[PDB]
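K.L.:
Quick one: the structure is below, and I'll ask about it shortly.
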Amino acid sequence: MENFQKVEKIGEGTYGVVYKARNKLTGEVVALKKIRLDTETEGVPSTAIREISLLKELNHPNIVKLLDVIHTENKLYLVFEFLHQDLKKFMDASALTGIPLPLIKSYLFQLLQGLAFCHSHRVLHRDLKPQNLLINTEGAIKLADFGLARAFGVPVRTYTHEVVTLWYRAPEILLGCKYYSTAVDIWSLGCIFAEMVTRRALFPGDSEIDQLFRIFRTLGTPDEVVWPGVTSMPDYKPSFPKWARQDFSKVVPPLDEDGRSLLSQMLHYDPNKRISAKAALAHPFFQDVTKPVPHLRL
Ligand SMILES: CCc1cnn2c(NCc3ccc[n+](O)c3)cc(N3CCCC[C@H]3CCO)nc12
């Protein structure tokens with residue numbers, strides 16, 4: 001568009017480049033995502049247009065606001081509210097000392113509120129990761145890109161050939177389950193929670209089988225006892241090695257007993273057993289939750 005001065009490139013997202021831009025008629029500063037398609041084919045599938053446009057109504061204080069969905073030329077632009085930092089960069093910048101535990105708790109509590117809202121409206125994210133959790137100077141954290149995965153799919157590589165990360169992917173997806181449920185987002189958020197606390201990714205796989213086997217090495221190879229139906233999933237192999245489950249006290253120290261209990265429920269293998277966002281908000285871990293302001297150096 002010529003509707004925007006394009007103040008900088010913010011980064012490269014799953015589907016295309018993301019810019020910080022100023023709207024000239026409002027003076028508003030926004031984030032613009034350029035999403036394309038191989039022009040020749042389907043194009044923008046008109047079906048992605050309708051369901052993405054529906055996301056303009058999915059508003060909550062912990063969901064990054066989708067301001068507009070512009071279909072023009074053969075390009076789809078999503079105009080979003082702008083936030084000043086993403087959690088991946090904030091975690092990297094906090095490597096030395098760690099994000100303080102009360103800020104970690106606040107962020108998790110706010111993220112669960114955004115999931116509970118979206119889930120109650122039957123919208124899933126499916127590709128939660130630190131890069132798409134955005135924060136501001138006032139202590140808020142918001143989820144970006146809810147609903148897009150349903151619309152475009154999740155590719156192996158991005159538009160610029162970068163590898164899409166598998167680290168936060170739920171085991172039912174890796175085992176080939178066709179139908180995602182809201183439990184996939186709870187798994188991803190559990191993995192992000194553990195990474196905030198320990199300052200290392202919980203399961204940093206570099207292929208689908210490395211990702212699955214990292215999960216099995218820590219939580220034990222799932223069986224029919226812990227996950228009824230697992231041996232029948234499309235990508236399950238009877239030849240998977242049989243690892244014993246480790247103890248949580250070893251996986252996320254120094255998390256206290258409430259935190260470890262909650263994380264265990266967010267990482268249950270059976271998606272039917274995995275805690276819901278609503279139920280997680282009532283867990284005793286959040287009894288003393290507060291809303292601290294982070295040190296942001298913009
Ligand atoms: C929803 C669009 C949006 C709004 N703000 N924002 C931010 N703001 C933080 C920030 C700002 C200025 C420079 N840096 O480095 C970080 C980052 C971000 N993204 C992270 C990086 C890859 C692109 C992309 C993915 C997730 O939308 N997307 C957005």
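Letters A, B, ... mark the chains of the structure tokens in the order given; residue numbers begin at 1 per chain; ligand numbers begin at 1, in order shown.
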Can you tell me which residues sit at most 10 Å away from ligand 1, counting only C-alpha atoms and all ligand atoms, written as an mmCIF file with C-alpha atoms, in the first residue's frame?
P.N.:
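To be explicit, this is the file written out as selection_0.cif:
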```
data_model
loop_
_atom_site.group_PDB
_atom_site.id
_atom_site.type_symbol
_atom_site.label_atom_id
_atom_site.label_comp_id
_atom_site.auth_asym_id
_atom_site.auth_seq_id
_atom_site.Cartn_x
_atom_site.Cartn_y
_atom_site.Cartn_z
ATOM 1 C CA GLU A 8 11.068 -0.852 9.708
ATOM 2 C CA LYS A 9 11.033 -4.554 9.064
ATOM 3 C CA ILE A 10 10.167 -6.200 12.400
ATOM 4 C CA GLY A 11 11.027 -9.707 11.258
ATOM 5 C CA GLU A 12 10.098 -12.682 9.104
ATOM 6 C CA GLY A 13 7.043 -14.595 10.291
ATOM 7 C CA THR A 14 5.743 -17.986 9.181
ATOM 8 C CA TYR A 15 3.839 -16.626 6.165
ATOM 9 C CA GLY A 16 5.781 -13.530 5.143
ATOM 10 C CA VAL A 17 7.509 -10.357 6.253
ATOM 11 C CA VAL A 18 6.177 -8.283 9.175
ATOM 12 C CA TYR A 19 6.656 -4.531 9.112
ATOM 13 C CA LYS A 20 6.188 -1.751 11.573
ATOM 14 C CA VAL A 29 1.457 2.859 14.133
ATOM 15 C CA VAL A 30 0.657 -0.727 13.383
ATOM 16 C CA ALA A 31 2.243 -3.987 12.350
ATOM 17 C CA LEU A 32 1.641 -5.111 8.805
ATOM 18 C CA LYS A 33 1.951 -8.688 7.643
ATOM 19 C CA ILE A 63 -5.031 -11.364 22.025
ATOM 20 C CA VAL A 64 -3.080 -9.090 19.641
ATOM 21 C CA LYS A 65 -5.802 -6.984 18.009
ATOM 22 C CA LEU A 66 -6.412 -7.760 14.309
ATOM 23 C CA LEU A 78 -3.134 -8.318 7.973
ATOM 24 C CA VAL A 79 -2.925 -5.110 9.938
ATOM 25 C CA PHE A 80 -2.354 -5.709 13.676
ATOM 26 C CA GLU A 81 -1.753 -3.570 16.747
ATOM 27 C CA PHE A 82 2.011 -3.010 17.309
ATOM 28 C CA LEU A 83 3.784 -4.154 20.508
ATOM 29 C CA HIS A 84 7.336 -3.229 21.426
ATOM 30 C CA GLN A 85 8.900 -6.620 22.233
ATOM 31 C CA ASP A 86 8.431 -10.352 21.620
ATOM 32 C CA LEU A 87 8.971 -13.070 24.254
ATOM 33 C CA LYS A 88 11.723 -14.837 22.300
ATOM 34 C CA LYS A 89 13.811 -11.665 22.322
ATOM 35 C CA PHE A 90 12.855 -10.914 25.937
ATOM 36 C CA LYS A 129 5.966 -20.247 20.294
ATOM 37 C CA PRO A 130 7.862 -17.497 22.076
ATOM 38 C CA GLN A 131 8.196 -15.411 18.909
ATOM 39 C CA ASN A 132 4.414 -14.976 18.627
ATOM 40 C CA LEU A 133 3.841 -13.914 22.258
ATOM 41 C CA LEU A 134 4.193 -10.108 22.400
ATOM 42 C CA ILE A 135 4.741 -7.874 25.425
ATOM 43 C CA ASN A 136 4.402 -4.178 26.340
ATOM 44 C CA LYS A 142 -0.636 -11.072 24.151
ATOM 45 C CA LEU A 143 -0.899 -13.947 21.706
ATOM 46 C CA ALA A 144 -0.427 -13.231 17.950
ATOM 47 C CA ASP A 145 -1.622 -15.296 14.970
ATOM 48 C CA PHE A 146 -4.535 -17.145 16.568
ATOM 49 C CA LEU A 298 13.301 0.094 23.879
#
```
K.L.:
Do a neighbour search on residue A:194 at 10 Å with only C-alpha atoms, toss out local chain neighbours closer than 6 positions, and write the hits as a PyMOL selection string.
P.N.:
chain A and resi 104+200-203+251-253+255+259-260+263
K.L.:
Store the residues picked out above, limited to N, CA, C and O atoms, as an mmCIF file, in the first residue's frame.
P.N.:
```cif
data_model
loop_
_atom_site.group_PDB
_atom_site.id
_atom_site.type_symbol
_atom_site.label_atom_id
_atom_site.label_comp_id
_atom_site.auth_asym_id
_atom_site.auth_seq_id
_atom_site.Cartn_x
_atom_site.Cartn_y
_atom_site.Cartn_z
ATOM 1 N N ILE A 104 7.070 -14.391 35.376
ATOM 2 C CA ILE A 104 6.749 -15.632 34.657
ATOM 3 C C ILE A 104 5.309 -16.057 34.969
ATOM 4 O O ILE A 104 4.547 -16.446 34.067
ATOM 5 N N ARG A 200 16.186 -22.746 29.131
ATOM 6 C CA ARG A 200 16.572 -23.626 28.070
ATOM 7 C C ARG A 200 15.289 -24.231 27.515
ATOM 8 O O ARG A 200 14.345 -24.489 28.290
ATOM 9 N N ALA A 201 15.216 -24.421 26.195
ATOM 10 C CA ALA A 201 14.017 -25.066 25.610
ATOM 11 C C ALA A 201 13.879 -26.458 26.201
ATOM 12 O O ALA A 201 14.885 -27.167 26.422
ATOM 13 N N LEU A 202 12.635 -26.884 26.378
ATOM 14 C CA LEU A 202 12.373 -28.160 27.057
ATOM 15 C C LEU A 202 12.665 -29.337 26.130
ATOM 16 O O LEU A 202 13.334 -30.306 26.535
ATOM 17 N N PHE A 203 12.191 -29.224 24.888
ATOM 18 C CA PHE A 203 12.359 -30.258 23.848
ATOM 19 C C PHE A 203 12.815 -29.658 22.541
ATOM 20 O O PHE A 203 12.011 -29.450 21.656
ATOM 21 N N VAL A 251 13.492 -31.857 35.912
ATOM 22 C CA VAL A 251 13.256 -31.250 34.604
ATOM 23 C C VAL A 251 13.111 -29.736 34.718
ATOM 24 O O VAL A 251 13.712 -28.993 33.924
ATOM 25 N N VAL A 252 12.329 -29.267 35.699
ATOM 26 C CA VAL A 252 12.191 -27.812 35.901
ATOM 27 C C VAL A 252 12.552 -27.258 37.281
ATOM 28 O O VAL A 252 11.792 -26.489 37.853
ATOM 29 N N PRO A 253 13.738 -27.607 37.813
ATOM 30 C CA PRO A 253 14.076 -26.846 39.027
ATOM 31 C C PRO A 253 14.414 -25.405 38.603
ATOM 32 O O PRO A 253 14.992 -25.201 37.527
ATOM 33 N N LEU A 255 11.312 -24.585 40.027
ATOM 34 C CA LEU A 255 9.880 -24.406 40.137
ATOM 35 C C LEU A 255 9.334 -25.105 41.385
ATOM 36 O O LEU A 255 9.733 -26.241 41.698
ATOM 37 N N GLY A 259 3.801 -25.162 40.835
ATOM 38 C CA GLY A 259 4.186 -24.978 39.438
ATOM 39 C C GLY A 259 4.454 -26.304 38.767
ATOM 40 O O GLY A 259 4.072 -26.528 37.619
ATOM 41 N N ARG A 260 5.158 -27.191 39.464
ATOM 42 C CA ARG A 260 5.462 -28.488 38.857
ATOM 43 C C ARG A 260 4.200 -29.306 38.656
ATOM 44 O O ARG A 260 4.033 -29.990 37.648
ATOM 45 N N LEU A 263 2.456 -27.786 35.576
ATOM 46 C CA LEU A 263 3.124 -28.140 34.324
ATOM 47 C C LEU A 263 2.866 -29.620 33.998
ATOM 48 O O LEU A 263 2.660 -29.971 32.843
#
```
K.L.:
Could you give me the residues within stretch 19-216 of chain A that DSSP places in strand (DSSP E), as an MDAnalysis selection string?
P.N.:
chainID A and resid 19:23 29:35 66:72 75:81 85:86 133:135 141:143
K.L.:
Generate the output file for the selected residues, N, CA and C atoms, as a short mmCIF file (atom, residue, chain, number, x, y, z; two decimals), in the first residue's frame.
P.N.:
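The resulting result29.cif:
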```cif
data_model
loop_
_atom_site.label_atom_id
_atom_site.label_comp_id
_atom_site.auth_asym_id
_atom_site.auth_seq_id
_atom_site.Cartn_x
_atom_site.Cartn_y
_atom_site.Cartn_z
N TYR A 19 6.10 -5.87 9.06
CA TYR A 19 6.66 -4.53 9.11
C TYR A 19 6.01 -3.75 10.23
N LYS A 20 6.77 -2.81 10.78
CA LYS A 20 6.19 -1.75 11.57
C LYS A 20 5.91 -0.65 10.56
N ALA A 21 4.74 -0.05 10.64
CA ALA A 21 4.31 0.92 9.65
C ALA A 21 3.47 2.00 10.30
N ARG A 22 3.46 3.19 9.70
CA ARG A 22 2.59 4.25 10.20
C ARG A 22 1.49 4.48 9.17
N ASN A 23 0.24 4.47 9.63
CA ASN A 23 -0.91 4.84 8.81
C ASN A 23 -0.98 6.37 8.68
N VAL A 29 0.36 3.76 14.51
CA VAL A 29 1.46 2.86 14.13
C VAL A 29 1.00 1.46 14.42
N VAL A 30 1.24 0.59 13.45
CA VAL A 30 0.66 -0.73 13.38
C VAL A 30 1.73 -1.70 12.93
N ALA A 31 1.38 -2.98 12.94
CA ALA A 31 2.24 -3.99 12.35
C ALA A 31 1.52 -4.48 11.14
N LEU A 32 2.25 -4.62 10.03
CA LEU A 32 1.64 -5.11 8.80
C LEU A 32 2.26 -6.43 8.45
N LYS A 33 1.43 -7.44 8.18
CA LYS A 33 1.95 -8.69 7.64
C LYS A 33 1.56 -8.81 6.19
N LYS A 34 2.55 -9.06 5.35
CA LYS A 34 2.37 -9.31 3.93
C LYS A 34 2.38 -10.81 3.79
N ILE A 35 1.29 -11.36 3.26
CA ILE A 35 1.20 -12.78 3.02
C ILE A 35 0.87 -13.02 1.55
N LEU A 66 -6.42 -7.75 15.79
CA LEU A 66 -6.41 -7.76 14.31
C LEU A 66 -7.31 -6.62 13.83
N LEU A 67 -6.68 -5.59 13.28
CA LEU A 67 -7.40 -4.36 12.91
C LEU A 67 -8.09 -4.48 11.55
N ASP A 68 -7.41 -5.08 10.59
CA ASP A 68 -7.97 -5.21 9.25
C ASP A 68 -7.38 -6.37 8.52
N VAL A 69 -8.15 -6.88 7.55
CA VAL A 69 -7.73 -7.99 6.70
C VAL A 69 -7.95 -7.49 5.28
N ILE A 70 -6.87 -7.12 4.60
CA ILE A 70 -6.96 -6.52 3.27
C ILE A 70 -6.51 -7.47 2.17
N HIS A 71 -7.47 -7.82 1.32
CA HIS A 71 -7.24 -8.68 0.20
C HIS A 71 -7.19 -7.78 -1.03
N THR A 72 -6.01 -7.65 -1.64
CA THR A 72 -5.83 -6.83 -2.85
C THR A 72 -4.69 -7.36 -3.69
N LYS A 75 -2.32 -10.31 -2.97
CA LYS A 75 -1.67 -10.27 -1.68
C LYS A 75 -2.69 -10.06 -0.56
N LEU A 76 -2.43 -10.69 0.57
CA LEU A 76 -3.29 -10.56 1.74
C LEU A 76 -2.45 -9.79 2.74
N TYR A 77 -3.00 -8.70 3.26
CA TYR A 77 -2.31 -7.94 4.29
C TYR A 77 -3.12 -8.09 5.57
N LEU A 78 -2.44 -8.32 6.69
CA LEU A 78 -3.13 -8.32 7.97
C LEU A 78 -2.53 -7.15 8.71
N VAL A 79 -3.39 -6.28 9.21
CA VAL A 79 -2.93 -5.11 9.94
C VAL A 79 -3.21 -5.40 11.41
N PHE A 80 -2.17 -5.38 12.26
CA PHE A 80 -2.35 -5.71 13.68
C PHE A 80 -1.93 -4.55 14.54
N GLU A 81 -2.40 -4.50 15.79
CA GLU A 81 -1.75 -3.57 16.75
C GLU A 81 -0.25 -3.88 16.87
N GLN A 85 7.91 -5.55 22.07
CA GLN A 85 8.90 -6.62 22.23
C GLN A 85 8.21 -7.97 22.08
N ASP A 86 8.95 -8.99 21.64
CA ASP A 86 8.43 -10.35 21.62
C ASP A 86 9.13 -11.19 22.70
N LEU A 133 4.40 -14.46 21.00
CA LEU A 133 3.84 -13.91 22.26
C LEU A 133 4.50 -12.54 22.42
N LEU A 134 3.68 -11.48 22.46
CA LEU A 134 4.19 -10.11 22.40
C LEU A 134 3.93 -9.36 23.72
N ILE A 135 4.87 -8.50 24.13
CA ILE A 135 4.74 -7.87 25.42
C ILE A 135 4.86 -6.36 25.30
N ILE A 141 0.99 -9.29 28.23
CA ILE A 141 1.48 -10.22 27.21
C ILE A 141 0.26 -10.66 26.40
N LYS A 142 0.44 -10.79 25.09
CA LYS A 142 -0.64 -11.07 24.15
C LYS A 142 -0.21 -12.12 23.17
N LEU A 143 -1.16 -12.94 22.74
CA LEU A 143 -0.90 -13.95 21.71
C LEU A 143 -1.18 -13.42 20.31
#
```
K.L.:
Quick check, in Å to one decimal: how far apart do atom CA of residue A:258 and atom CA of residue A:288 lie?
P.N.:
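Answer for the atom CA of residue A:258 to atom CA of residue A:288 separation: 11.3 Å.
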K.L.:
Would you list the contacts of residue A:196 as a list in words, taking every protein, DNA or RNA residue within 9 Å and counting only C-alpha atoms, but skipping same-chain residues closer than 6 positions in sequence?
P.N.:
residues 91, 98, 99, 101 and 104 of chain A
K.L.:
Filtering to N, CA, C and O atoms, could you give me those residues as a compact mmCIF listing (two decimals), in the first residue's frame?
P.N.:
```
# COMPACT_ATOMS: atom_id res chain seq x y z
N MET A 91 13.26 -13.30 26.32
CA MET A 91 13.93 -14.42 27.02
C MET A 91 15.42 -14.45 26.76
O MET A 91 16.21 -14.75 27.65
N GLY A 98 17.65 -14.57 34.26
CA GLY A 98 16.33 -15.18 34.23
C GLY A 98 15.19 -14.19 34.36
O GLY A 98 15.32 -13.16 35.02
N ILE A 99 14.08 -14.46 33.69
CA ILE A 99 12.86 -13.70 33.96
C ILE A 99 12.44 -13.96 35.40
O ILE A 99 12.34 -15.11 35.81
N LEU A 101 10.48 -14.97 38.68
CA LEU A 101 9.31 -15.85 38.83
C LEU A 101 7.94 -15.17 38.92
O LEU A 101 6.97 -15.65 38.33
N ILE A 104 7.07 -14.39 35.38
CA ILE A 104 6.75 -15.63 34.66
C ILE A 104 5.31 -16.06 34.97
O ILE A 104 4.55 -16.45 34.07
```
K.L.:
Counting only C-alpha atoms, which of A:238, A:43, A:114, A:102 gets nearest to residue A:281?
P.N.:
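Checking each of A:238, A:43, A:114, A:102 against residue A:281, counting only C-alpha atoms, the winner is A:114.
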K.L.:
Taking only C-alpha atoms into account, which of A:282, A:275, A:189, A:219 comes nearest residue A:111?
P.N.:
A:189
K.L.:
For a quick check of understanding, using only C-alpha atoms, which of A:273, A:36, A:56, A:121 has the smallest distance to residue A:74?
P.N.:
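The answer is A:36, which sits nearest to residue A:74.
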K.L.:
Got a sec to tell me which of stretch 81-206 of chain A DSSP assigns to alpha helix (DSSP H), as number ranges by chain?
P.N.:
A: 87-93, 101-120, 148-152, 171-174, 183-198
K.L.:
Between atom CA of residue A:294 and atom CA of residue A:186, what is the spacing in Å?
P.N.:
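Separation of atom CA of residue A:186 and atom CA of residue A:294: 24.2 Å.
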K.L.:
What does the distance from atom CA of residue A:262 to atom CA of residue A:295 come to in Å, to one decimal?
P.N.:
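Between atom CA of residue A:262 and atom CA of residue A:295 the gap is 26.8 Å.
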K.L.:
Using only C-alpha atoms, can you tell me which of A:217, A:157, A:169, A:125 comes closest to residue A:242?
P.N.:
A:217
K.L.:
Have a look at A:152, A:124, A:2, A:28 and name the one nearest to residue A:49; count only C-alpha atoms.
P.N.:
A:152
K.L.:
Rank nothing, just name the residue among A:193, A:227, A:243, A:213 nearest to residue A:109, using only C-alpha atoms.
P.N.:
A:193
